Structures are given as structure tokens and as C-alpha cells.
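Chains as they are written, first to last, in the deposited numbering: chain B, 4 to 582; chain M, 1 to 135, 142 to 223, 236 to 446; chain S, 1 to 142; chain A, 9 to 621; chain P, 1 to 6.
For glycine and all other residues, C-beta sits at the position ideal for the given N, C-alpha and C.
Right, one structure below, let's go through it.
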């Protein structure tokens with residue numbers, strides 16, 4: 004087994020020389036050099052003659068290494084596979100069922116059209132087999148057969164046989180059957196797997212209770228596809244889930260929570276086993292975050308997902324999100340984030356104490372996130388908003404733009420929720436235009452402009468300055484300037500005429516976005532038409548949005564429920580978004 | 001289900017190239033290497049997506065491990081598999097390194113392909129694996151392996167013989183403690199597991215008792243027998259199990275059934291986040307003198323039975339960084355200072371229970387406490403202690419061999435109760 | 001012009017680092033590692049002039065040695081390839097079937113002769129007989 | 009002649025456990041440091057040994073923070089090897105402490121005063137590499153006084169030439185010229201090509217600065233170069249390598265003259281024509297030699313001469329010869345051969361003269377790139393066909409290019425689809441079929457294309473005024489395609505918003521259905537798409553009243569009322585307060601067919617060009 | 001800690 008990791012420079016001919024020794028030693032060591040070549044990814048297909056002539060043998064390890072080499076290299080050379088099928092036949096006549104299953108998996112690891120018929124009835128006899136490994140590998144290589152050509156009446160009869168093998172006593176064979184069919188559902192005639200029925204549900208549930216975690220998770224995802232017709236059967240099902248606590252958990256737990264939430268839509272008055280689970284769920288969720296950094300990391304993903312979906316009793320377990328030094332930066336991040344999401348009106352004093360503590364730590368990123376979160380707390384209960392005022396102000400006075408940069412947008416949104424309250428800071432902001440580098444923050448300042456260009460009288464000179472930026476800035480910045488100027492001309496028509504006219508000419512003739520150009524169109528054919536009418540629409544208030552603070556698309560969330568446990572949900576990006 | 005699973009060194013070349021899907025490309029693999037294995041930035045994640053392609057690549061050690069897939073799976077089971085893999089690698093040959101992989105190559109490959117075929121992950125019960133999976143069958147052996155596969159019993163159970171039937175348990179209780187530096191236990195939790203070392207014949211199912219829903223109540239029953247309303251025993255805040263238990267049996271009657279394997283293993287891990295016993299009463303706190311001096315006050319009241327003797331008592335008391343004038347206080351133990359970590363190591367040879375050693379410190383400074391300021395490093399006590407903090411202990415223990423001869427009495431039992439308090443940190 | 005001149009062994013490490021601009025530890029090291037990886041993955045049908053994401057190197061592979069000389073976009077690769085071949089001839093000629101250990105004790109000789117016939121990022125000289133002549137007559141300069 | 013150095017090489021070469029390396033390093037450290045930090049240094053053996061060690065260790069991943077004034081002591085040390093290791097050290101170890109640099113430049117001026125070859129040569133070598141501005145300060149005209157004002161030999165002179173060429177390519181500011189033409193052009197007439205090569209190099213530099221300065225060059229240069237071609241290798245035998253005539257110097261001369269304009273002269277450039285015939289008629293022969301190096305040099309100077317002829321193309325016969333040669337050239341079994349041939353061809357590709365003659369090789373290119381398994385060659389071929397493309401070929405070119413692109417890399421995918429699209433517009437007259445082509449493009453990916461591309465095609469559409477009904481109908485077709493490509497969504501949505509009336513007498517034309525459909529897509533996109541769709545939705549009513557009431561009901565949903573942003577808030581606001589509250593005349597009043605966009609220049613080209621490196 | 005139990 005010892006490393007060889009050598010192939011080059013005529014030592015292929017030394018490989019020959021030792022291959023020019025049928026004796027076992029040179030053969031095995033040469034083989035190990037072949038494995039070296041295969042690992043380092045250097046083809047040794049030239050040995051297929053040598054490999055096949057020495058391949059007349061009976062050694063198990065030799066059989067296995069030949070299996071691997073032959074398979075993965077006939078992948079690169081389908082021609083000489085003629086040699087292979089003969090041996091594979093010989094093995095399918097080798098009474099060792101384990102060696103037979105190894106032959107079956109090596110063989111069914113390749114599919115073109117010919118080995119297919121060579122194995123078909125032998126394959127059916129692996130279905131008409133009684134060994135868990137032979138039938139097991141049979142199902143696995145039936146799945147592997149579905150790699151391609153999975154449209155044939157032969158493969159369909161195999162599908163019928165295995166489809167009845169869905170009913171199977173052998174835990175191994177039935178388990179990989181479930182796994183296989185669940186994967187085959189990904190073959191999308193969208194009419195896959197018509198074997199679902201209540202008694203089947205019960206028997207596979209029992210199996211799950213007694214079969215390995217593999218089959219259990221397979222059953223779980225299959226149930227994630229079966230749609231019960233009411234809650235009573237779902238009641239009994241959640242009873243079957245009752246013992247699905249601590250196991251080889253993480254996967255099982257995520258999938259179980261998936262299947263449950265799939266049925267967890269009725270009321271906790273409809274059943275209290277519902278609310279029994281709701282209350283009982285917190286400590287296992289802690290264990291999820293008390294597991295291993297990567298699995299606690301996944302757990303944090305899923306927990307944010309849950310809080311989004313289910314804002315409930317976890318509202319008292321923020322303790323888990325209590326950041327520490329040793330905690331890794333992003334884990335600390337989500338900790339603090341859901342801490343804010345688990346707004347503890349009691350702790351908000353000491354919470355914000357901790358928050359400014361964090362502000363006094365040594366990373367830009369989490370600091371910016373915390374500034375945003377504190378701003379959200381200002382968007383939350385008003386009391387907080389005053390300490391937010393003071394703190395974010397002194398943070399401005401830290402004179403590190405990036406903080407203040409996103410803080411500009413934060414305060415923009417706060418003042419959107421809470422306008423004409425602390426305009427006093429707008430004065431300070433006036434100096435802070437010589438650092439505009441964030442289209443978000445710049446747009447926030449221009450939003451302020453549009454807001455209070457009636458109170459802002461110095462708006463004139465600063466705006467004719469800002470006219471330096473007409474090109475080389477992202478369209479939303481333009482549009483923000485345009486609507487701010489529109490607001491201004493509405494509130495101060497006295498001196499916006501030259502401004503609106505030049506900016507309209509420019510943005511409409513230098514336009515590339517038809518929405519921008521025709522927006523200038525609308526702007527004039529409303530303001531040339533009837534500003535007297537424009538003000539009523541525009542200058543009237545535009546109601547708020549009422550505390551979004553990073554909401555979720557429900558349906559997306561609702562559909563990622565079909566993924567909570569799978570990469571899509573945990574990744575919080577649509578399964579479609581990645582292919 | 002999954003394709004390539006490649007183990008990597010630091011220099012980035014494969015330590016294995018274990019593929020399980022056609023889609024897998026060499027162009028893909030080398031890209032993965034040069035981009036994840038090599039990257040100017042150094043903040044990453046064990047999972048990685050590159051062009052809508054998942055990459056669970058982990059360094060479970062100095063040695064790495066890359067799991068490549070472009071199929072939406074449960075990442076959690078992927079990682080479970082990775083664990084089980086490296087864990088059984090250890091179990092079979094301890095250390096896992098270059099030679100550990102090399103001189104195991106063939107077994108590695110056949111196992112991986114078996115335990116996971118085309119990405120379809122098979123079990124790793126290893127009920128008799130290492131026997132024939134050893135670093142040539144008989145009819146009896148053929149049928150035997152076929153049946154043991156079909157046999158729904160694992161963890162090395164075929165009916166064994168041990169010249170004696172004895173088990174030694176060790177209850178480890180990790181002290182998960184944070185207390186306010188002024189004195190208030192912010193975190194009062196315990197993380198413990200039931201590791202079971204057994205030397206018994208046959209394949210016995212065993213049961214066991216550990217006081218529930220109440221504070222605790236063959237040759238030695240117990241030296242600390244469970245007095246009524248005894249030591250802290252609670253509804254286990256979280257009780258974690260392992261695949262020998264029967265949680266159906268539990269949630270039916272709050273009792274699993276476990277057929278344990280032989281030798282050492284972890285029967286069940288558990289956590290309780292409440293009801294603990296404090297070993298000391300320390301109020302470690304720092305004060306600041308304008309900005310030219312930071313002063314730390316550490317009054318370490320130890321609180322256990324004086325009969326209890328903790329040894330090698332080393333408490334971490336960080337000294338202020340800027341150090342101009344030191345002010346030392348000594349009560350009992352040994353004065354040790356830590357430079358390059360700027361710490362008073364009030365290292366005490368040993369401590370009995372219910373004690374108190376106070377060290378008050380002043381360290382003169384230069385103003386650096388600004389919008390960014392001194393990091394207050396939690397003062398921690400680190401030492402040796404075996405302990406049953408909750409004292410939730412053996413309510414009973416039911417072991418047998420209900421097949422041939424050796425009964426409960428024919429088994430001799432043990433346990434240890436090793437507290438674990440390195441989590442005794444607070445300054446801020 | 002000649003950006004630099006790197007020569008590495010089959011044992012990895014660049015056995016001659018010769019530069020013509022103010023490259024730096026980070027830069028030189030990246031160059032070494034990247035070029036080395038490329039040489040490894042580059043198989044036999046290749047050229048002697050690989051572009052690296054903004055410009056090329058005139059590289060020359062040998063069973064043990066890998067002579068890599070960096071230029072940018074325009075230099076007629078062939079001429080420089082023949083120049084490198086010439087220089088190799090000169091070396092093993094004078095170094096009389098050089099083993100690496102020779103230059104391990106005489107790397108400076110190779111370096112100063114490079115400096116001789118190549119200068120300022122360009123070929124200072126190419127004249128085989130005269131090169132050998134002047135070398136030998138000045139391979140006696142204490 | 010010195011133990012420590014050699015014995016150290018010996019041992020540390022045999023040390024392998026990096027800690028043992030470190031130990032040997034620290035032993036030499038004690039040795040050398042203490043020998044310099046105390047234990048005063050000795051002159052020949054000790055200095056040479058330790059300093060060569062220091063230099064090579066500095067190279068080994070270390071540095072020397074001393075012995076540099078003592079390296080001046082090496083320069084002021086008897087053995088040439090000491091002065092030489094100082095030369096190298098200071099040349100290898102960039103210096104500081106300008107007094108060091110002061111002594112350095114002083115010693116340099118001395119090594120110049122020492123008018124022996126070696127001193128001056130090594131001095132110029134350190135001047136070039138160390139390259140302190142003070143050199144070209146003190147030697148602005150002094151290095152001229154080296155290379156000229158005294159003209160003796162080659163080696164040291166091209167040494168000074170490369171030195172001064174460094175100092176000039178780096179600091180021409182410290183170079184006042186006046187005029188030195190005659191000397192260097194007589195060097196161009198010098199048969200001692202040792203100088204003449206580096207000469208022509210630096211002269212080519214100055215001619216990049218001043219071509220006009222050198223027309224006197226032209227005649228003597230073309231005479232001498234015609235000679236070089238005709239006088240190949242019979243003499244100057246060590247100016248002769250594999251019997252090629254002065255390849256580097258000839259290429260220098262040809263590329264230099266290439267700065268100068270195309271052929272205009274009858275006789276001088278008649279002699280040029282003679283050389284052209286010479287070159288081509290000599291390259292055509294198979295090699296009596298059997299070594300690729302000869303082929304290498306011949307093809308190199310071939311590229312040089314052809315390039316010199318390239319970009320003129322006033323030479324129809326010569327262009328034919330070149331086309332034939334290239335035709336043969338895309339058959340040479342080494343990928344690099346046909347590759348560089350592809351570069352040369354795509355270079356020449358723009359020949360209005362030989363456009364058709366190249367286009368003849370279109371299928372050659374096609375099967376080659378299909379049977380290629382490389383891309384470099386393929387991009388050369390893309391540029392080749394690009395320069396020569398036209399409507400006729402383009403018809404199929406679309407098909408084959410797309411069939412290739414569907415399997416390719418990703419950035420290059422964008423650049424290629426963009427360049428072929430702008431090719432299409434260069435030939436777009438079959439605007440309906442071109443629209444279909446664009447539909448196919450989007451259908452391929454339609455999710456990676458940048459903004460100005462579909463911007464441009466939309467402008468084209470509104471500027472096309474011919475297929476807008478067809479366009480709208482086909483857009484609808486693409487819309488009932490179940491899949492989604494947000495670029496398609498934006499573009500075609502807007503189009504039907506303005507052109508859906510042009511496809512209306514059909515059952516599928518049913519703004520109710522497609523409206524609710526887009527609504528199902530409405531809130532699953534990026535933000536700007538939502539603004540586009542808002543414009544489209546407000547177009548809908550005033551162009552399709554039947555759906556209005558429903559549109560009214562729907563645009564009042566909390567979503568657009570609670571859309572977090574400011575903008576979409578206001579956009580939905582100005583839409584609703586005008587729909588819900590509707591004068592019903594301002595609707596049509598505002599609504600306008602969005603006239604064909606005013607003329608532009610498709611800056612997509614310049615954008616791709618800046619992307620072009 | 002090293003103690004006998006049963």
C-alpha cells in the first residue's frame with residue numbers, strides 16, 4: 004500500500020521491465036506505480052494490454068485495483084472495454100456475492116449500451132438475488148444506469164422490478180432502493196415514484212425506526228415529497244418523529260424539522276403536541292449551536308430561517324447568541340444579528356452597552372453591521388433611538404468614513420421612519436459631502452436634499468457643485484438627484500428652473516436608459532404641464548414601510564422549506580439560482 | 001450522489017483522488033486547488049461555492065479534505081460522513097498522516113467506494129469490517151458476512167467471550183461557567199458524556215439508572243449513595259444519545275434500550291444548563307487610575323470541602339500592558355508572572371476547599387484607552403479537579419448476559435466523576 | 001525587454017533568480033510559485049513562451065532544469081529561444097557536463113557570464129567562440 | 009582560497025533538516041558577524057569568502073545590513089574578485105545611506121577614469137541596475153562621452169549602450185540630445201555588429217522619440233540591410249549563429265524602419281522590393297539543414313519583414329505571396345507554428361486587398377478551431393475572421409460561432425458574444441432575422457449579458473421601425489417560454505409594453521393573462537428590473553384599457569406600499585396616485601411612443617477596446 | 001480520582 008507517487012522519464016519502460024516479470028512482486032509494485040500515475044492523473048491506458056494479460060489471475064486486491072484502473076481509464080478509452088466485459092461476466096459467475104457486487108459496481112460505474120445487455124438479465128438476477136450486497140449494488144448500478152439512456156423498455160422493466168423492490172425486507176437493499184428512487188425523482192417526467200400509500204408510509208416509518216440513519220434520511224426526504232391529506236395522519240407521523248431526537252443528528256434533525264414544518268402549519272390549539280414541540284424545540288436548537296462550528300454554523304443559518312418563518316418562544320433563548328472573544332468573527336456576527344432579531348427590551352440597555360463595546364473593538368465589518376443594527380433598534384422602540392442618536396453621533400465623531408458611510412443610509416431610513424426630529428445633524432452632514440464614496444450614503448444625502456430643500460436654503464450652491472457629477476455615476480444616483488430637484492422645484496420653484504432645464508436636457512440627451520429619458524419626459528410634461536398638480540401627488544406625504552428590517556420573501560422562504568436541511572435553504576439562495 | 005472526495009496536504013497536491021461522479025473534471029479539481037488551497041485572502045468557509053458548485057473542503061487537521069459536489073444535498077450528512085471517515089481512519093490506525101494514508105491506500109479506497117458508492121453513502125457500522133477490512143472466503147464465511155450484513159445488529163456483536171465481565175465508567179463533567187467579574191454566575195452550565203469502557207463476553211443489552219425528575223435519591239452499591247433529595251439531579255436539559263439506544267423506547271417510557279459494544283465508547287452525552295456547584299468565590303476586577311495606571315483587584319475565595327484538594331492551582335491574572343510600577347499582593351501559593359502575555363500567574367502548588375488567596379495589582383500605564391482601548395482579558399482559574407458537580411449519579415445500572423451464563427452479579431462495574439473547570443474566566 | 005531570468009531545478013526551488021526590474025519578495029515569490037506550477041502542468045506539446053495573465057515568459061524546460069526568462073508582448077520569441085539554447089550550450093560546454101553541485105559552488109560564474117552577454121534587460125552579446133574565449137580568459141580573474 | 013565559504017557550501021548543502029540549516033546559518037552568523045562585529049576583517053580571502061556568502065544568503069532569503077561601506081572597501085580592495093563581488097552586491101543589494109551611494113558614484117567615476125574595460129563595464133552594469141538618478145545626473149552627457157567621443161571597441165560600448173538605454177527609458181529627462189545622428193548612423197554602417205545591435209536598439213528608442221530625426225538613416229540602413237540579407241553568413245563567423253545573417257540586428261533595423269511610413273520611394277524602396285522578393289523567395293525553400301533553430305530564425309525574421317510589409321497592403325502581388333504562405337502555414341504540426349501564423353494572419357486580416365483571399369480559408373479556420381482543443385489559436389482566428397467578416401459569411405458565422413460558444417469560458421464568452429453582436433450590427437440589414445439571432449443569443453444565456461448590449465439592441469428596435477410588430481410578436485413568443493432570463497424579461501417586457509399592441513389580434517395577446525404572468529415574475533428579480541416593469545405596467549393600461557381595473561386593484565397591494573426602498577416607494581406612488589386618482593387624460597398625455605433614439609456611435613466598441621489589452 | 005466503584 005506504501006506510497007509510490009512516481010511516473011515519468013522512461014520509468015514507464017521500467018514499469019514495463021517489472022511488468023516483464025509476471026512474478027507477483029514486480030507486478031504489485033508496478034501496480035502501485037500505476038496507482039501513482041492514476042492519482043497524479045497521468046494516463047496508463049497503454050498498459051491495458053499488459054493490464055489485461057497479467058489480469059488473468061485470481062487475486063482479490065488485484066481484482067479491485069484492476070476494477071478501478073480499467074473503469075476509470077476505459078472512461079478515457081471505451082474501445083478496449085471488450086476485455087472488461089469478459090472478466091465482469093466471469094465474476095458474475097463467481098459465487099462470492101461480495102466480489103460479485105464489486106464487479107457489479109465497477110461495471111455499472113460505466114454505461115454505454117453494450118455492457119448493458121451483457122448484464123441485463125444478470126442484473127435482473129441481482130434483483131432476483133437474496134444477498135444484500137448483490138441486490139444493493141444492483142439498485143446502485145440501476146441508479147447509475149439512469150445516468151444516460153434511462154428511457155428504454157429494458158431499463159423500464161428493471162424500474163418495475165426495483166419499484167416492487169421498494170417493498171423489500173432487506174434493510175440494505177430497501178434502503179438504497181429508497182435512496183435511488185429519491186434521486187431518480189430528479190429525473191423529471193414529474194410523474195416519478197407512484198408507490199406512495201398509507202400502509203407504505205407506515206412500513207417505511209417502522210423501517211426508519213429500525214433502519215440506519217441513511218435509510219432514515221432517505222425516508223425523510225421522500226416524506227418531504229409525499230403530501231398528506233390532513234393532520235390526523237400527520238399527527239401520527241409527528242408521533243413517529245417523537246423518537247427522532249438525538250441520533251447521528253444534524254442531517255436527520257434538519258430533515259425532520261423540514262418534514263415537520265411541512266405539517267407544522269395548523270394551530271397549537273388544534274393539538275398541544277404542536278405547542279409541546281414548540282416549547283421542547285429550544286434546547287435541541289441550542290445543541291445544534293452547541294455542536295461543532297460548521298454544524299452550529301449551518302444551525303445558525305437554519306435558525307435565522309426559522310426566526311424568519313417562526314418568530315416565537317426562542318425569543319427567550321438569545322443567551323445562545325451571547326458573543327465571546329473566542330467566538331469566530333462571523334459566528335459572532337450572526338450571534339449579534341439574531342440578538343437584535345431577538346430584541347430583549349429588558350436587556351437593550353446592557354445590550355447597547357455591549358454594542359458600543361463592540362464598536363470599540365478592532366474590526367470594521369462587524370462594527371458597520373452593529374451600526375446598522377443599532378439604527379434598526381432606533382427604528383425599533385423610540386427610547387433606544389436617543390442613545391442611538393448620541394452613540395452614532397460620537398461615532399460620526401470617530402471620523403472613520405466607512406462607519407459613517409453606511410450610517411448615513413441607516414439614519415436616512417430612520418428619519419424616513421422618523422422625520423423632522425433631529426435635523427440638527429443635517430448641518431454636520433453638510434460638511435460631510437467631501438467624502439461621498441457610497442452610492443447608498445450619497446443617495447441618502449440627496450434624499451435629505453429632496454426632503455428639506457425647502458428648509459435647506461444653502462442647497463443652491465452645494466447642488467450646483469454636485470452638478471459636477473452627471474456622468475460616471477450609477478443611474479440611481481442620477482434619479483435620486485432628479486427627484487430631489489423635482490421636490491425642490493416644487494417647494495422652491497423660484498430658482499430651480501435653470502437647474503431643472505439643464506439637467507433635463509442633459510439626462511435626456513445623454514441618456515441611455517429609456518426609463519431615465521422618459522422619466523425626464525414625464526418630469527417636464529408634468530412640470531411644464533401642471534406643477535400646480537404635481538405637488539398634490541409628490542409634495543404630499545408618502546407613508547412609511549413599517550419596520551421591514553431585512554424581511555424575507557415568503558414564497559422563497561416557503562419554498563426553501565423544501566430545502567431546510569439541503570444546501571439551498573442553509574445557503575439562503577434559491578436552489579434554482581445554482582445549477 | 002456525490003463525486004470527487006479528495007484529501008489534501010498543505011502543499012496542495014491530493015493525498016487522495018477519490019471520485020464518485022462523471023461530471024468531475026480535472027480542470028475542475030486543479031482549479032479548486034489553486035483557488036481555495038491557494039488564495040491571497042485567508043477568510044473562507046469549510047463549504048465553498050464556485051460557479052454554482054458546492055465545495056465542502058475541510059482541513060480536519062494539518063491534513064485537508066475536499067468534498068466536491070454540484071448536487072444539492074444535506075451538507076450536514078456530508079460532514080457527518082467526513083467525520084465518520086477520519087474518525088474510523090484514526091480508530092484503525094491512530095495518527096492520520098502521509099504514511100498513515102499510504103500504507104492504508106487499498107483499504108482506504110475499497111472502504112470509501114463501499115461506504116460511499118457514486119456518492120451514495122453506505123454505512124460504516126464496522127460490525128466486522130476491520131476483520132476482513134484488514135491492513142479468501144469460505145461457505146460459512148460467505149453466508150456469515152452476508153447474514154451479518156442482513157443482521158440488524160452492529161457495534162461488534164456476534165457473541166464474544168471475555169475471561170471476566172467488567173466495565174469501568176468515567177463521568178466527565180465539563181464546567182461551562184461564566185460569572186460576572188463583580189460576582190454573578192452569568193453562565194452556569196455543564197457538558198458531560200458517559201464514556202463506557204467495558205470488558206464483557208457475549209452481546210448483552212444493558213440498562214442503567216440515573217436519577218430523574220428529582221435531585222438524586236454487586237459488591238459496592240455506592241460510596242456516596244444517593245441520599246433522598248440528594249445531589250443536583252434535574253430533567254436533563256439536553257441528553258444526547260448514540261446508535262445503540264432506542265429512543266422509541268425512551269419517548270414511550272423515558273428509557274432507551276442500549277446493546278453496548280465492548281471496549282471503550284461514549285454511551286450518551288448530556289448537558290444541563292442549571293443547578294451547579296461553585297468551587298470558588300472570586301471577584302476579579304480591574305480599575306483605572308486616570309490614564310497612567312491600571313489596577314486589578316483579584317480576591318480569590320476558594321469554596322469546596324477543605325478535604326477536597328485541587329492541585330497545580332494556576333490562575334490567569336492578566337497584568338496591564340504598559341508596566342511602569344507594579345504593586346504585588348501575596349497570600350498563599352507561588353508568585354509567578356507572565357510576560358509576552360502580560361499576566362500575573364498566581365500559580366499555587368495545591369489548594370484545599372473553602373480557601374481564599376487574594377492578589378491585588380496595580381500596573382502603571384500610558385494613555386491608550388481611547389475609542390479603541392485596552393482589551394479586558396477574562397481572569398480564569400485553571401487547575402485539576404475530579405468532581406460530580408451536579409452529583410447526578412447512578413440511580414441504578416442494569417447489565418447482564420441473558421443468553422448463557424453470566425448474570426448481573428457476574429459483572430463488576432465502575433465509574434469515575436471527573437469535573438472539568440478550565441472555563442472559569444472573568445475579568446470583563 | 002527581459003523582465004527577469006529565473007532558473008529552477010527539478011527539485012522545485014528556483015536555482016537562479018535573475019531580475020532586471022525592482023521586483024519584490026512577494027512579487028518574485030509569486031512569480032516563482034506560479035511559473036513553477038505552470039511548468040509542472042504544462043505538458044510536452046507546449047511552446048517555450050507562456051503568457052501569464054498579462055504577458056509572457058520565454059521559458060526553457062530541461063529534465064532537471066527550467067530556464068525561465070520573462071519578456072512581455074512583442075519580442076520575437078524564436079530569437080530569444082535560440083539565444084537561450086546558445087547560452088545552455090555555452091554553460092555545459094564550459095561547465096563540462098555540469099552537475100548542479102558545480103553551480104552550487106559556481107552559481108556566481110553563471111551569473112556574471114549572464115551579466116556579460118546579457119545586460120539591462122537585453123542581450124549584451126551573442127558570439128559563441130568569442131563568448132567562450134572571453135569567459136575562459138576572464139575565468140582567471142582574481 | 010578561503011575555507012569558510014567552501015566548507016559552508018559543502019556542509020549546508022548536506023544539511024537537510026531545516027533546523028540543521030538554521031544551525032549552520034547561525035554558526036556562519038557568529039563567524040561573519042563577530043569577524044566584522046569585532047575580530048577585524050582581513051582583506052582577500054576572508055572578505056571574498058564572507059561577502060560571497062553574505063550575497064548568496066541575501067539571495068537565500070536574507071539580507072546584509074553592514075559591510076557595504078566595507079563593500080566599498082571591496083571595490084577598494086586588490087583582488088578583482090573583491091571589487092567584482094562589491095559590484096554585484098551593491099548591484100544585487102539595493103543601497104541606502106547616500107554617503108554609501110556617494111562613495112559608490114565616486115568609485116564609479118574612478119572606474120571610468122580607470123579606462124580599462126572591466127572597471128567601466130561593471131560600473132555601467134551597476135549604474136543600469138542600481139539606477140540611481142544621480143548616475144544620469146553626473147552622467148547625462150558623460151555616458152555619451154563614454155559611448156562616443158572615443159570609439160574603440162564593441163563589448164564595453166554596447167555595455168554603455170544598454171546602460172544609457174536603461175537610463176533613457178527610465179530617465180530621458182536627464183538626457184539632453186542636441187544632435188548625435190551621424191555617429192550612430194555610421195555605427196549602422198559599422199560591420200562590427202557587436203555595437204551595432206545595441207546601437208540600433210537605442211537608436212530605435214530615440215526614433216520612437218524622433219523618427220523624423222533620422223531620414224539619413226534610411227538610405228544607409230536599407231543598403232546595409234539589403235547587404236545583410238544578401239551577405240548571409242560566409243564571414244564574421246562568430247557574428248554568425250547557425251549560418252543566419254544577423255537575425256537580431258536585422259529585425260531591429262526592419263522594425264525600426266517600420267515606424268517610418270509605407271513604401272513611397274521608387275528606387276531606394278525599389279531596392280526594398282528587391283529585399284522583399286529575396287526574403288520570400290528564400291524562405292520558401294525546404295531546409296538543406298535539419299535543425300529547427302534555422303527554421304526558428306528564418307521564420308522570426310520572416311515575421312519581422314512581413315510585419316514591416318503589413319499595414320501597407322499597397323503591394324497586391326506581395327499580399328498574394330503572403331496569403332499563400334499563410335495558407336501553407338496553418339498546417340505545421342506544432343501548435344505554436346500555426347498559432348503564431350494565426351497572429352500574423354489576424355494582424356494582416358484587415359486587408360481590403362486580400363480580405364477575400366483570407367476568407368477563402370474560412371472552413372480551414374472552422375474545422376481547425378473545432379478540432380483544436382485550445383483557445384488562444386481560436387481567438388486569433390476569431391480576430392482574423394472578424395477583420396474580414398461580412399454579411400454573406402456572417403449568416404453561417406452566427407451558427408458556427410454559437411455552436412462553439414455554448415461550450416466555452418465565461419468572460420471571453422461575454423467579449424465574444426458582444427463582438428459578434430456588434431459585427432452583426434455592422435451587417436444588420438436583415439433586422440427581423442437579426443432580431444431572431446438576438447433571441448437565440450439570449451436563449452443561450454440571456455442572464456450574463458451586460459446592460460449597454462441589450463440597451464443597444466432596444467435602441468436599434470425603436471430605431472428600426474420595421475419589425476416592431478414582428479419583434480413584439482416574437483417577444484411574446486419568448487415570453488410564453490416557461491423559463492426565465494432577466495435580461496429577456498426586461499427587454500421584451502418593455503418592448504411589449506410599448507409594442508404589445510403591434511401583436512394584439514391574437515388570443516395569446518391578452519394583457520390580463522400576460523399581466524398576471526409578469527406579476528408572478530414581478531417580485532422575483534433585481535430592483536432596476538422592477539422599475540422597468542413599473543414603466544411597462546403603466547404603459548399597459550394606457551395602451552390596453554381592458555386590463556386597467558385589474559391593474560388598478562393590484563397596484564394597491566401592501567407590497568408596493570411597503571417596499572422598503574425610497575425609490576420604488578415613490579415610483580409606485582407616482583404611478584398609483586395617477587392610476588387610482590386619474591385625470592385619465594394625463595395618462596395618454598404623458599404616454600408617448602418613446603421615439604427612435606437620437607444618433608450615437610455604439611460606444612460598445614470602445615468599451616470592448618478598453619477591455620482589449 | 002482513581003477509585004474503585006461497583
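Residue 247(A) belongs to the set of residues whose beta carbon lies under 8 Å from a beta carbon in chain S. Among the residues facing chain M, residue 63(B) is included, as its CB has a counterpart in that chain under 8 Å away. Residue-level contact by beta carbon holds for residue 432(M) and chain P, with a gap shorter than 8 Å. Between the C-alpha atoms of residue 245(B) and residue 4(M) there is a straight-line separation of about 36 Å. Taken through DSSP and simplified to helix, strand or coil, residue 294(M) comes out as coil. Straight-line measurement puts the Cα of residue 213(B) at about 56 Å from the Cα of residue 388(B). Taking a C-beta cut-off of 8 Å against chain B, none of the residues of the stretch 483-500 of chain A qualify. Taking each of 75(A), 282(A), 43(A) and 594(A) in turn and checking the Cα distance to residue 524(B), the smallest one comes out for 594(A). Neighbours of residue 527(B) in chain A, taken as residues whose beta carbon is under 7 Å from its own, are absent, since the nearest beta carbon is some 10 Å off. Of all residues in the stretch 143-161 of chain M, only 143, 148, 151, 152, 155, 156 and 158 place a beta-carbon less than 7 Å from a beta-carbon of chain B. By the neighbour-count criterion, in which a residue is buried when 16 or more other Cβ atoms sit within 10 angstroms of its Cβ, residue 16(B) is exposed. Contact between residue 91(B) and residue 110(B) holds, since their C-beta atoms are separated by about 5 Å, short of 8 Å. For residue 279(A), same chain residues with a beta-carbon under 8 Å away, outside a window of 5 residues either side, are 230, 231 and 234 in chain order. Residue 618(A) sits in a helix when the DSSP states are folded into three classes.
Here the C-alpha atom of residue 90(M) lies approximately 6 Å from the C-alpha atom of residue 96(M). In the displayed model, residue 181(A) falls within a helix according to three-state DSSP. Counting the other CB atoms within 10 Å of its CB gives residue 77(A) a total below 16, which places it among the exposed residues. Close CB contacts of residue 10(B) within its chain, under the 7 Å cut and outside five residues either way in sequence, are with 36, 39, 40, 43 and 45 (chain order).
Using a C-beta cut-off of 8 Å, the stretch 445-456 of chain B makes contact with the stretch 477-492 of chain B, since at least three inter-stretch Cβ pairs fall below that distance. Of all residues in the stretch 104-123 of chain M, none is placed with a Cβ closer than 9 Å to any Cβ belonging to chain P. The beta carbon of residue 104(M) lies closer than 8 Å to those of 89, 92, 93 and 135 in the same chain, with the five residues before and after it left out. Within the stretch 167-201 of chain A, those residues whose Cβ lies closer than 7 Å to any Cβ of chain S are, in chain order, 167, 170, 171, 173 and 174.
Here the alpha carbons of residue 201(M) and residue 422(M) stand approximately 27 Å from one another. Interface flag for residue 267(B) against chain M is unset, since no Cβ pair is found closer than 8 Å.
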